[PDB]
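In the authors' numbering, the protein residues as written are 1 to 43. In what follows, a single structure is set out as structure tokens and then discussed.
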Ligand SMILES: [Zn+2]
């Protein structure tokens, strides 16, 4: 079926955490995912 693959995690640039893969911001540091690991061309 579908596969957005937005739930693909993102390693933070400050706290460096493995998050809930769907987080817009880190659970403790609160850095934006847009300011972290970029994904495949798909909004
Ligand atoms: Zn963070």
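The beta carbon of each residue, even a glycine, is placed where N, CA and C say it ideally should be.
C-alpha distance - residue i paired with residue j, whole-angstrom precision
i: residue 31; j: residue 2; result: 28 Å
i: residue 37; j: residue 11; result: 6 Å
i: residue 22; j: residue 9; result: 7 Å
i: residue 62; j: residue 41; result: Since the displayed the chain opens at 1 and closes at 43, residue 62 lies outside it and no answer follows.
i: residue 20; j: residue 33; result: 12 Å
Rounded Cβ spacing between residue i and residue j (contact assumed at less than 8 Å)
i: residue 6; j: residue 28; result: Not confirmed; about 21 Å, so no contact.
Backbone secondary structure at residue i - three-state DSSP
i: residue 32; result: strand
i: residue 5; result: coil
i: residue 14; result: coil
i: residue 21; result: coil
Residue of the options minimising C-alpha distance to residue i
i: residue 15; options: 43, 35 and 42; result: 35
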